[PDB]
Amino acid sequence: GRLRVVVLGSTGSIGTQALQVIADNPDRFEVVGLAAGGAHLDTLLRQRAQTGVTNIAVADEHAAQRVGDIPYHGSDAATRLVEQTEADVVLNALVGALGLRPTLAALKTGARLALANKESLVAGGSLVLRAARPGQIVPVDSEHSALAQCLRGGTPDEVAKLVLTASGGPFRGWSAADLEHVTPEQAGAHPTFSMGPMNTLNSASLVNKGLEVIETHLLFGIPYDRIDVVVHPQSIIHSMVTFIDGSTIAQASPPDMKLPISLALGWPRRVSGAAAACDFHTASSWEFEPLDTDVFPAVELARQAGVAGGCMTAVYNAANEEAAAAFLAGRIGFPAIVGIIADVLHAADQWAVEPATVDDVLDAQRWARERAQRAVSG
């Protein structure tokens, strides 16, 4: 029962943690493929040497040369890797909507898709769902892993509300005026998780939670009006489900993505010692507070995009990818990220149509990016 696992984005925060889970559990797991972008050759070389896996994709040409003996190069290498490798699980830990084709290819192989790359589901919408069999997509994202666990506690019609926790990011409690003076350095410091740059910045702008609300609707089929967000600064409660009787079931643990990574990999069997459990022999406090939707409208914007449906969620995500890179590049101030997203959505009525093919998602994304790019430069 040793599962062959393909790991996309092997060099990143999620990817390296997954490799560790796999290294610890050689009886449950075997890595049979790695994909990365090329920006961390050292990490990737170490990974090839350690796992002995030579079946590798690198996206960047110049870097793939520098490493030597890499089978797949270019923008399509991760997708090709997935298409050309027999596997039982594909862990998609890529960042960005560029994970979309690897996601679809992974589902087409019939393997389990252990999905960290939330943007590809957000972008793909129904296109991704229609490509998947029940149970084929298993969430790595911690809120959704928590939700899937909590949902074992009732029948689907017994669900009243899904409740996602948000750490609130480094700027929890700040005012709108305060946000004007945010720096990339300040935004790059998350209170509870160590992550790659994108999720870090998104958790600070709250665009991450917005993505996760959309991701929740897609995976679990609960309407947006029944998906709530509460701020919980400790990130110990990863999410929860309120049932129609007044009962709430919650999943909790010290923040550590190795737990939901482990569960996604071997779903539905749990993996012993994946992560530390809460220590109930020492005092602690789990705090809740509402989100300041006035100062952080990203989640509301995401519900708006999600309710409109179709390619609109792809537009929401693509606008953020442009506006967020712009902030990181010093081209806009921090508040302009969600400002631009709002601008782009409110002019995107033509995209509230369900996509027929990938190309429709790519069209909406290109439109969204061009629109955000103009707002940036102007």
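Numbering starts at 1 and follows the sequence shown.
> Regarding 216-224 and 178-186, which shows the higher C-alpha temperature factor on average in the entry?
Between 216-224 and 178-186, it is 178-186.
> Got a sec? Mean C-alpha B-factor, which is higher, 142-150 or 291-299?
The entry gives the higher C-alpha B-factor average to 291-299.
> Among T165, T103, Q84, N199, which carries the highest Cα B-factor?
Spelled out: the listed residue with the top C-alpha B-factor is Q84.
> Tell me, please, which of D279, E119, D157, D256 has the highest C-alpha B factor according to the deposited entry?
So the option with the highest C-alpha B-factor is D157.
> Split the chain's modelled residues into thirds by Cα B-factor; is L115 in the lowest, middle or highest one?
According to the entry, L115 has a C-alpha B-factor in the chain's lowest third.
> State the tercile, meaning the lowest, middle or highest third, of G38 with respect to the CA B-factors recorded for its chain.
Ranked within chain, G38 CA B lands in the highest tercile.
> For the chain shown, is the CA B-factor of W286 in the lowest, middle or highest third of its modelled residues?
For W286, the deposited C-alpha B-factor lands in the lowest third.
> Against its chain's modelled residues, does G96's Cα B factor rank lowest, middle or highest third?
Ranked within chain, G96 CA B lands in the lowest tercile.
> Lowest, middle or highest third: where is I332 by C-alpha B factor in its chain?
According to the entry, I332 has a C-alpha B-factor in the chain's lowest third.
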